[PDB]
>>> print(open('run_25.pdb').read())   # PDB, C-alpha atoms
MODEL        1
ATOM      1  CA  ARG A  22       2.671   1.454  -2.097
ATOM      2  CA  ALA A  23       1.659   1.284  -5.734
ATOM      3  CA  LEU A  24       4.816   3.219  -6.591
ATOM      4  CA  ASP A  25       6.829   0.103  -5.638
ATOM      5  CA  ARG A  26       7.200  -0.474  -9.402
ATOM      6  CA  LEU A  27       9.649   2.436  -9.471
ATOM      7  CA  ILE A  28      12.012   0.838  -6.965
ATOM      8  CA  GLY A  29      15.366   0.127  -8.585
ATOM      9  CA  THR A  30      17.979   1.779 -10.789
ATOM     10  CA  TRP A  31      17.018   3.112 -14.218
ATOM     11  CA  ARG A  32      18.944   4.413 -17.187
ATOM     12  CA  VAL A  33      17.221   7.496 -18.601
ATOM     13  CA  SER A  34      17.224   8.714 -22.189
ATOM     14  CA  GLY A  35      15.396  11.555 -23.890
ATOM     15  CA  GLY A  36      15.553  15.144 -22.698
ATOM     16  CA  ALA A  37      18.275  14.000 -20.330
ATOM     17  CA  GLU A  38      20.825  11.182 -20.226
ATOM     18  CA  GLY A  39      22.003   9.252 -17.228
ATOM     19  CA  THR A  40      20.661   7.152 -14.378
ATOM     20  CA  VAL A  41      18.169   7.572 -11.545
ATOM     21  CA  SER A  42      17.393   5.461  -8.471
ATOM     22  CA  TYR A  43      14.233   4.991  -6.428
ATOM     23  CA  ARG A  44      14.439   3.543  -2.924
ATOM     24  CA  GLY A  45      11.595   3.261  -0.436
ATOM     25  CA  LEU A  46      12.050   4.903   2.963
ATOM     26  CA  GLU A  47      11.608   2.932   6.162
ATOM     27  CA  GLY A  48       7.954   2.969   7.092
ATOM     28  CA  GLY A  49       7.039   2.755   3.415
ATOM     29  CA  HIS A  50       5.436   6.184   3.257
ATOM     30  CA  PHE A  51       8.074   7.969   1.145
ATOM     31  CA  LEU A  52      10.076   7.104  -1.954
ATOM     32  CA  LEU A  53      13.505   8.711  -2.338
ATOM     33  CA  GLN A  54      14.678   9.325  -5.910
ATOM     34  CA  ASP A  55      18.345  10.060  -6.630
ATOM     35  CA  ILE A  56      19.016  11.813  -9.936
ATOM     36  CA  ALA A  57      22.331  11.623 -11.864
ATOM     37  CA  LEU A  58      21.687  13.226 -15.238
ATOM     38  CA  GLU A  59      23.275  15.249 -18.019
ATOM     39  CA  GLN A  60      21.481  17.994 -19.932
ATOM     40  CA  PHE A  61      23.229  20.001 -22.667
ATOM     41  CA  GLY A  62      26.478  18.340 -21.586
ATOM     42  CA  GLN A  63      26.233  19.862 -18.064
ATOM     43  CA  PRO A  64      25.664  17.738 -14.928
ATOM     44  CA  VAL A  65      22.154  17.867 -13.433
ATOM     45  CA  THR A  66      21.563  16.124 -10.101
ATOM     46  CA  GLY A  67      19.327  16.255  -7.050
ATOM     47  CA  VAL A  68      16.861  14.323  -4.931
ATOM     48  CA  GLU A  69      13.089  13.997  -4.880
ATOM     49  CA  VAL A  70      10.896  12.745  -2.042
ATOM     50  CA  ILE A  71       7.624  11.171  -3.140
ATOM     51  CA  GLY A  72       4.719  10.602  -0.760
ATOM     52  CA  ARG A  73       1.559  12.019   0.699
ATOM     53  CA  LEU A  74       1.959  15.059   2.944
ATOM     54  CA  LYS A  75       0.490  14.664   6.460
ATOM     55  CA  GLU A  76       0.252  17.365   9.118
ATOM     56  CA  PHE A  77       1.212  16.281  12.611
ATOM     57  CA  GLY A  78      -2.178  16.070  14.270
ATOM     58  CA  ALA A  79      -4.138  14.990  11.181
ATOM     59  CA  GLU A  80      -5.948  11.693  10.926
ATOM     60  CA  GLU A  81      -5.575  11.355   7.177
ATOM     61  CA  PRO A  82      -2.670  12.081   4.818
ATOM     62  CA  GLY A  83      -3.237  14.246   1.790
ATOM     63  CA  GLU A  84      -5.358  13.033  -1.079
ATOM     64  CA  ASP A  85      -2.554  13.541  -3.614
ATOM     65  CA  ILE A  86       0.705  11.661  -3.590
ATOM     66  CA  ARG A  87       3.176  14.513  -3.810
ATOM     67  CA  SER A  88       6.841  15.135  -4.375
ATOM     68  CA  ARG A  89       9.383  17.903  -4.027
ATOM     69  CA  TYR A  90      12.441  17.758  -6.291
ATOM     70  CA  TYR A  91      15.576  19.590  -5.050
ATOM     71  CA  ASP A  92      18.213  20.070  -7.722
ATOM     72  CA  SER A  93      21.892  20.897  -8.022
ATOM     73  CA  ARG A  94      21.148  24.286  -9.568
ATOM     74  CA  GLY A  95      19.084  25.410  -6.548
ATOM     75  CA  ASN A  96      15.548  24.973  -7.815
ATOM     76  CA  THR A  97      12.670  23.225  -6.123
ATOM     77  CA  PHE A  98       9.845  21.711  -8.154
ATOM     78  CA  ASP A  99       6.594  20.315  -6.771
ATOM     79  CA  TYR A 100       4.751  17.434  -8.444
ATOM     80  CA  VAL A 101       1.684  15.222  -8.030
ATOM     81  CA  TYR A 102       2.064  11.502  -8.866
ATOM     82  CA  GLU A 103      -0.792   9.311 -10.148
ATOM     83  CA  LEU A 104      -0.421   5.657 -11.092
ATOM     84  CA  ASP A 105      -3.540   4.267 -12.747
ATOM     85  CA  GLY A 106      -2.737   0.709 -13.797
ATOM     86  CA  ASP A 107       0.322   0.797 -16.056
ATOM     87  CA  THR A 108       0.194   4.544 -16.772
ATOM     88  CA  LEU A 109       2.181   6.922 -14.578
ATOM     89  CA  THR A 110       1.233  10.592 -14.589
ATOM     90  CA  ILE A 111       3.456  13.210 -12.947
ATOM     91  CA  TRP A 112       1.778  16.631 -12.769
ATOM     92  CA  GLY A 113       3.666  19.876 -12.290
ATOM     93  CA  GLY A 114       2.194  21.433  -9.164
ATOM     94  CA  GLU A 115      -1.341  20.034  -9.217
ATOM     95  CA  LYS A 116      -3.418  17.348 -10.867
ATOM     96  CA  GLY A 117      -4.695  18.719 -14.161
ATOM     97  CA  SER A 118      -1.762  21.119 -14.620
ATOM     98  CA  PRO A 119      -0.812  22.174 -18.184
ATOM     99  CA  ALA A 120       2.649  20.597 -17.655
ATOM    100  CA  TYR A 121       3.004  16.914 -16.897
ATOM    101  CA  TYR A 122       4.818  13.658 -17.598
ATOM    102  CA  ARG A 123       2.779  10.658 -18.771
ATOM    103  CA  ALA A 124       4.309   7.259 -19.398
ATOM    104  CA  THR A 125       3.374   3.589 -19.424
ATOM    105  CA  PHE A 126       5.203   0.607 -17.961
ATOM    106  CA  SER A 127       6.075  -2.235 -20.323
ATOM    107  CA  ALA A 128       4.367  -5.578 -19.726
ATOM    108  CA  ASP A 129       7.440  -6.757 -17.765
ATOM    109  CA  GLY A 130       7.621  -3.554 -15.696
ATOM    110  CA  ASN A 131      11.227  -2.959 -16.823
ATOM    111  CA  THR A 132      10.609  -0.110 -19.294
ATOM    112  CA  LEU A 133       8.684   3.112 -18.637
ATOM    113  CA  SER A 134       8.291   5.156 -21.811
ATOM    114  CA  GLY A 135       6.399   8.378 -22.327
ATOM    115  CA  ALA A 136       6.753  12.105 -22.734
ATOM    116  CA  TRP A 137       6.673  15.458 -21.030
ATOM    117  CA  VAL A 138       3.752  17.645 -22.138
ATOM    118  CA  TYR A 139       3.718  21.427 -21.778
ATOM    119  CA  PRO A 140       2.786  24.579 -23.737
ATOM    120  CA  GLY A 141       5.592  26.270 -25.598
ATOM    121  CA  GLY A 142       7.997  23.546 -26.643
ATOM    122  CA  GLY A 143       5.212  20.964 -26.607
ATOM    123  CA  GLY A 144       7.376  18.510 -24.681
ATOM    124  CA  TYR A 145       9.702  15.632 -25.507
ATOM    125  CA  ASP A 146       9.953  11.869 -25.302
ATOM    126  CA  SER A 147      11.526  10.080 -22.372
ATOM    127  CA  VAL A 148      12.220   6.417 -21.644
ATOM    128  CA  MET A 149      13.571   4.706 -18.519
ATOM    129  CA  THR A 150      15.067   1.195 -18.585
ATOM    130  CA  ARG A 151      15.484  -0.844 -15.432
ATOM    131  CA  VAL A 152      19.164  -1.632 -14.973
ATOM    132  CA  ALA A 153      19.614  -2.780 -11.328
TER     133      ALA A 153
ENDMDL
END
>>> encode(input="run_25.pdb", output="structure tokens")
Amino acid sequence: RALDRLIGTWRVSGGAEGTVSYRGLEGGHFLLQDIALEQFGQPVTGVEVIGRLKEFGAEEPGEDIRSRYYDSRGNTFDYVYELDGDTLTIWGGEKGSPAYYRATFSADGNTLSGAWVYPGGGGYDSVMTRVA
């Protein structure tokens, strides 16, 4: 429920250009992100479902909040979300991965600015601005 901050429509700049939306799913266990982006001029879209995984017949959900991102090009990417105060961390695959997004919400919760980190290209800056 701490990911409620993400609910809304955001313009995205840096690494990609466009807009994304987060809506909570009924029951409040999963966030649905809709992605409408451009990268190198080409359209890049998909969805991502954010929440803990829980096996039917388990008492407790998973320890990690998780997501799977399904994109227009046919790839699937798995993340782990951590929100610790105003800092969001999105890990590729598992907490502590060499590739991750880290960003901080502005004091008004309307701007989330940070950067992707990974070996090779190093990463790149990204900012989201709440727009609706």
>>> resolve_selection(input="run_25.pdb", expression="the PyMOL selection byres ((chain A and resi 134) around 12)", output="JSON, numbers by chain")
{"A": [31, 32, 33, 34, 35, 107, 108, 109, 110, 122, 123, 124, 125, 126, 127, 128, 130, 131, 132, 133, 135, 136, 137, 145, 146, 147, 148, 149, 150, 151]}
>>> atom_distance(input="run_25.pdb", atom1="atom CA of residue A:57", atom2="atom CA of residue A:138")
22.1 Å
>>> atom_distance(input="run_25.pdb", atom1="atom CA of residue A:96", atom2="atom CA of residue A:47")
26.4 Å
>>> resolve_selection(input="run_25.pdb", expression="the PyMOL selection byres ((chain A and resi 101) around 8)", output="MDAnalysis selection string")
chainID A and resid 85:88 99:100 102:103 111:116
>>> residues_near_point(input="run_25.pdb", point="(10.5, 5.4, -0.1)", cutoff="12 Å", atoms="all atoms listed in the file", output="PyMOL selection string")
chain A and resi 22-29+42-55+68-73+88
>>> atom_distance(input="run_25.pdb", atom1="atom CA of residue A:153", atom2="atom CA of residue A:94")
27.2 Å
>>> resolve_selection(input="run_25.pdb", expression="the PyMOL selection byres ((chain A and resi 64) around 10)", output="list in words")
residues 37, 38, 39, 57, 58, 59, 60, 61, 62, 63, 65, 66, 93 and 94 of chain A
